[PDB]
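To start, the structure under review is shown below, and the notes come after it.
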Amino acid sequence: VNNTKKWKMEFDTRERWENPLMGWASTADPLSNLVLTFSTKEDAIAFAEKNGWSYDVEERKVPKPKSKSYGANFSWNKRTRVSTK
Amino acid sequence: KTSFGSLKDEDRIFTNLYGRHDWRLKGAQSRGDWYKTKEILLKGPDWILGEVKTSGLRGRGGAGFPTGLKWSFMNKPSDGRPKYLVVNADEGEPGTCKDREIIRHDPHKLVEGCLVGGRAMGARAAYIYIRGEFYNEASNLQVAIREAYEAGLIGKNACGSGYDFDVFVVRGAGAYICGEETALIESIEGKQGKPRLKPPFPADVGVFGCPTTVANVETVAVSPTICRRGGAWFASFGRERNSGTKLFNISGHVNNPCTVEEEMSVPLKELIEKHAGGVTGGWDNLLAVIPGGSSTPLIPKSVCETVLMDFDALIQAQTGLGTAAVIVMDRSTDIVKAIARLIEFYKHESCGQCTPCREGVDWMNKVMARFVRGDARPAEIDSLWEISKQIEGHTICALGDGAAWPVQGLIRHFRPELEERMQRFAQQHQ
Amino acid sequence: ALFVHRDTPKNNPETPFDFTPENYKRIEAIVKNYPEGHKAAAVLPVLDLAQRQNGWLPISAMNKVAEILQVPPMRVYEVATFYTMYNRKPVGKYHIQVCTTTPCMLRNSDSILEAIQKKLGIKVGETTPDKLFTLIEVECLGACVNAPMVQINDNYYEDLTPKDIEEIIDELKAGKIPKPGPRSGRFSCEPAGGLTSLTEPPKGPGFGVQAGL
Ligand SMILES: NC(=O)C1=CN([C@@H]2O[C@H](COP(=O)(O)OP(=O)(O)OC[C@H]3O[C@@H](n4cnc5c(N)ncnc54)[C@H](O)[C@@H]3O)[C@@H](O)[C@H]2O)C=CC1
Ligand SMILES: Cc1cc2nc3c(=O)[nH]c(=O)nc-3n(C[C@H](O)[C@H](O)[C@H](O)COP(=O)(O)O)c2cc1C
Ligand code: SF4
Ligand code: FES
């Protein structure tokens with residue numbers, strides 16, 4: 001999960017086409033590789049507002065805390081018994 | 001008392017160990033079994049648990065956990081789940097053949113132990129998980145169980161005490177790891193005999209998810225004798241925290257390999273010389289003794305001179321008591337080949353569940369197979385030591401410990417023989 | 001030695017297998033040993049019961065045990081491949097199992113392994129061509145003081161010499177059934193030079209029973 005620790009700013013992907021000579025990916029978008037790293041959401045919002053970029057923010061999705069129990073694999077009467085281990 | 005051994009026949013628990021008397025109910029009642037069982041069952045679970053705690057009985061499976069403290073984990077009010085005693089009758093340990101003799105020749109003593117222990121822990125029934133290779137022993141035990149039901153000793157109103165208690169026998173299907181208690185519990189439930197991770201201990205979640213005590217045949221079968229004869233009687237034998245009698249299985253390079261009952265802290269030299277006829281070629285011909293079956297580290301002849309065969313003295317001898325199965329190896333033994341056959345056993349008997357045993361016991365067997373021929377170099381010895389230390393304590397059950405310990409004992413006491421093996425391989429193959 | 005299955009014409013899910021009705025009564029007796037809701041706990045005996053009716057387990061006995069116990073067939077395949085008694089191949093009528101772990105190897109079980117090999121004309125793992133004998137090599141059978149020993153289908157044959165196991169193989173080939181015990185002088189597990197213990201008569205009911213009981 002160490003790649004899910006920071007905020008990133010990217011841009012909408014523009015057109016990539018086929019080079020007629022080699023079949024390489026030709027682009028005309030200068031911002032196609034511009035990925036920026038921010039410690040918080042507000043730093044990213046402030047950097048985009050300072051630069052006049054229209055932005056949209058997706059909130060951070062954390063995994064919710066699960067309830068784990070190794071003994072639940074061997075319940076007397078619940079469906080959560082493992083058929084094999 | 002300072003010297004131990006020379007046990008009398010009146011102080012034996014396992015009379016009819018040898019099949020010379022009747023094993024059935026007419027013979028077992030004539031030897032003291034099923035006597036005043038009702039008066040034991042009516043004095044309550046706490047009295048029986050106090051007799052087992054007072055007697056200082058430790059787990060005869062081989063870990064030596066205190067049996068009364070273990071069985072008192074079940075002494076708690078129920079919550080709707082049934083409770084179970086499960087008698088570990090697998091006995092897959094190389095060297096060990098005592099529980100076979102208990103089941104085969106004193107079966108009613110085991111059934112009465114099931115009843116007394118299940119009353120002590122509030123258990124509903126007893127599941128005796130016998131080894132499937134012990135087929136005649138299992139039919140033998142089933143005949144004794146039928147005789148106990150036909151006499152009203154177990155079942156509905158067991159011994160006229162108002163306690164309901166069944167005794168079931170489940171046969172195994174050829175896995176040494178199904179003697180480990182949680183893997184045995186999985187094996188009863190219709191699964192691969194793969195051990196569980198503890199916690200939950202079986203007193204919380206055991207067989208079918210119920211409260212369960214898994215206990216050896218010997219530590220169950222001596223419990224009616226402990227309840228009748230008293231806790232102080234059984235605690236008057238052996239050293240302190242080493243109380244009682246013990247079955248010994250002296251096999252290997254002795255003149256008369258045998259099973260014999262003996263007082264707890266008996267000397268190993270006295271045991272081998274007295275009951276087994278001594279080492280073949282004399283006591284000067286002794287090279288090593290595996291004290292308690294294959295999982296215990298071997299001890300050489302310098303250690304075996306003064307060592308006592310209880311738990312703490314063999315712990316001080318950097319081995320274990322284990323099953324008290326004495327495997328005697330004389331000077332004519334390729335000891336590297338014997339320990340490598342033992343590691344071959346431990347990789348055929350390993351359930352493949354967790355990584356360190358599944359990979360490292362095979363890797364130890366490959367290194368030991370090269371050590372037998374000497375096709376190695378001495379830097380691989382300490383390397384193998386570290387491999388054993390990567391398996392010990394990092395596994396789910398103690399078969400990783402039981403496979404790492406013989407390698408450690410062999411390296412620790414016979415590193416020069418390993419090195420001269422490898423250097424003679426080097427000088428005759430290059 | 002394979003732990004996958006391939007459908008052969010003698011081992012497929014259309015191989016004929018079904019229990020006899022007395023085996024169904026035994027299956028009901030097995031299933032009633034376990035609590036309700038835990039019928040899967042009867043996988044190990046019933047499948048072994050299918051090994052006793054048939055001699056070996058094709059993949060129609062595993063599927064039949066999976067059907068009559070309402071368990072998935074993979075959970076029976078796991079039990080059949082985990083445990084070393086379940087013959088997933090047809091073995092001979094007498095399945096000789098020679099223990100060669102360390103307490104039996106010290107008392108020269110290799111001589112008996114070689115003696116069975118040269119008497120039956122086969123080696124370890126093979127079957128005699130008349131389908132009567134399968135010779136494999138097993139781990140500790142728990143008869144260590146009666147080393148060297150073998151097992152033939154239920155029976156332990158103990159304290160063996162090469163002449164003893166040749167005699168056992170001869171009277172197996174003659175249609176008889178030998179006596180399952182030690183082939184030396186002793187009876188079960190006593191010291192062979194006389195009893196060093198239990199020489200007194202057992203004391204009987206009431207001996208040493210403490211007060212208050
Ligand atoms: N008797 C035989 O045929 C064989 C015996 N053994 C012996 O088995 C031993 C290893 O077996 P294990 O049971 O895995 O090891 P051991 O450390 O766990 O435990 C022994 C018993 O005490 C109980 N226990 C231990 N600590 C406990 C705690 N804190 N709370 C509740 N219960 C507790 C366990 O449930 C178990 O029943 C070794 O000493 C080995 O020599 C090994 C192979 C064969
Ligand atoms: C790999 C392995 C195999 C074991 N096999 C047996 C066995 O065959 N019989 C037995 O009584 N205990 C066996 N044990 C010990 C059990 O885990 C358990 O401690 C014992 O059966 C009951 O505990 P007790 O000694 O306190 O009565 C084995 C342990 C391990 C780790
Ligand atoms: S260490 Fe070996 S015996 Fe134990 S759970 Fe793992 S594979 Fe099984
Ligand atoms: S070693 Fe062969 S029976 Fe135990």
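Following the order of the structure tokens, first chain is A, next is B, and so on, with residues numbered from 1 inside each chain and ligands from 1 in the order they appear.
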
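Taking only C-alpha atoms and all ligand atoms into account, the protein and nucleic acid residues that come at most 8 Å from ligand 3 are residues 177, 194, 195, 196, 349, 350, 351, 352, 353, 354, 355, 356, 357, 358, 391, 395, 396, 397, 398, 399 and 400 of chain B.
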
*Exercise answer, chain C residues close to chain A, 10 Å and only C-alpha atoms, as a PyMOL selection string*: chain C and resi 37-38+40+71-72+74-75+78-79

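The interatomic distance for the pair atom 43 (C, counted along the ligand's line) of ligand 1 and atom CA of residue 342 of chain B works out to 12.7 Å.
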
*Leaving out residue 408 of chain B and any residue of its chain fewer than 6 positions from it, which residues lie within 8 Å of it when counting only C-alpha atoms, given as a PyMOL selection string?*
chain B and resi 297+385+388

Produce a table with one row for each residue of chain C that has an atom at most 12 Å from any atom of ligand 2, each row naming the nearest atom pair and its distance in Å at one decimal; use only C-alpha atoms and all ligand atoms; arrange rows by chain and rising residue number; format as a Markdown table.
| residue | atom | partner | partner_atom_place_in_ligand_line | distance |
| --- | --- | --- | --- | --- |
| C:140 | CA | ligand 2 | 8 (O) | 11.1 |
| C:141 | CA | ligand 2 | 8 (O) | 11.2 |
| C:142 | CA | ligand 2 | 8 (O) | 9.6 |

_Hey, which residues sit close to ligand 4? Say within 10 Å, counting only C-alpha atoms and all ligand atoms, and write them as a PyMOL selection string._
(chain B and resi 91-97+251-252+293-294+327+342+345) or (chain C and resi 98-107+109+138-151+156+158)

_Per-residue DSSP, segment 1-186 of chain C, filtered to strand (DSSP E or B), as a PyMOL selection string_ = chain C and resi 8+11+94-99+127+133-138+150-152+155-158+182

*Neighbours of chain A in chain B at 10 Å, counting only C-alpha atoms, as number ranges by chain*: B: 80-82, 186, 189-201, 204-211, 353
